[PDB]
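Chemist:
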Ligand code: NI
Ligand code: NI
Ligand code: NI
Ligand code: NI
Ligand code: NI
Ligand code: NI
Ligand code: NI
Ligand code: NI
Ligand code: NI
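Protein chains in written order, with PDB author numbering: chain B, 1 to 61; chain A, 1 to 127.
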């Protein structure tokens, strides 16, 4: 499958992960403003992180 | 094989409550204790699957999203193999399909996925 991986508001980039049918967009606030980490798969997550898992290509924007 | 069965969907009047539950078939040995079992909410076109609650033995991987904090609560019967999500003071904004998922362990990816159950809060006529 295909999914984004750029961090926060850097230009949209892609990462191809064959077979991985889900994707993720994690958001935590932190000291340095809203940080965002996108990637492949649907990961279990520590406390206080906005997780959003997704099912189509390049949908974790 | 592990397969996740949900139960408890339907229509709730605004302000009511309702308990979803997700039973992890497979691992019938009942040694799934640490499956990080997650509840996600899909509001159709708006947003994909939003993690609303995550249940693990590991504290850092057992919490609820701040949006629903105080209204939703998760429970676990590891022996009976069930992970329940009780929803109180249900608002219309909570109308969505709630899906269950299971990761093999804390920090691993949600590789198991559920059927989905609709929850509708509206107070309007159902025909
Ligand atoms: Ni594809
Ligand atoms: Ni491929
Ligand atoms: Ni895109
Ligand atoms: Ni959302
Ligand atoms: Ni603790
Ligand atoms: Ni604790
Ligand atoms: Ni907590
Ligand atoms: Ni409202
Ligand atoms: Ni850890």
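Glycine is no exception: its CB is placed at the ideal position from the N, C-alpha and C atoms.
1) When burial is assigned at 16 or more other CB atoms within 10 Å of the CB, is residue 48 of chain A buried or exposed?
2) Reducing DSSP to helix, strand and coil, say where residue 43 of chain B ends up.
3) Could you tell me whether the Cβ of residue 54 of chain A comes closer than 8 Å to any Cβ of chain B?
4) Kindly indicate which three-state DSSP category residue 124 of chain A falls into: helix, strand or coil?
5) Leaving aside the five residues before and after residue 41 of chain A along the sequence, list all residues of the same chain whose C-beta is less than 6 Å from its C-beta, in chain order.
6) Does the separation of the CB atoms of residue 17 of chain A and residue 126 of chain A fall below 8 Å?
7) Assuming residue 82 of chain A is part of the beta strand (DSSP E), what are its boundary residues?
8) Quick check: does the Cβ of residue 2 of chain B come within less than 7 Å of any heavy atom belonging to ligand 1?
9) Is the Cβ of residue 47 of chain B closer than 8 Å to any Cβ of chain A?
10) Identify every residue that forms a DSSP beta bridge with residue 49 of chain B.
11) Count the other C-beta atoms from every protein chain shown that fall within 10 angstroms of the C-beta of residue 32 of chain B, then say buried if there are 16 or more, exposed otherwise.
12) Grab me the residues of residue 56 of chain A's own chain with a C-beta within less than 7 Å of its C-beta, minus the 5 sequence neighbours each way, in chain order.
13) Suppose the cutoff is 7 Å on Cβ atoms and the five residues either side in sequence are ignored; what does the same chain contact list for residue 123 of chain A look like?
14) Contact criterion: CB-CB distance below 8 Å. Does residue 47 of chain A meet it with respect to chain B?
15) Return helix, strand or coil for residue 29 of chain A, following the three-state DSSP convention.
Modeler: On the basis of the coordinates in this document:
1) buried
2) Of the three classes helix, strand and coil, the one that applies to residue 43 of chain B here is strand, per DSSP.
3) Interface residue (Cβ-Cβ distance to chain B less than 8 Å): residue 54 of chain A is classified as such.
4) Note: residue 124 of chain A maps to coil in three-state DSSP.
5) Result list for residue 41 of chain A: 50, 52, 96, 98, in chain order.
6) no
7) 82 to 87
8) Indeed, a heavy atom of ligand 1 lies less than 7 Å from the Cβ.
9) yes
10) Bridge partners of residue 49 of chain B: none, in fact.
11) exposed
12) 34, 36, 62, 106
13) 13, 14
14) yes
15) If DSSP states are grouped into helix, strand and coil, residue 29 of chain A belongs with coil.
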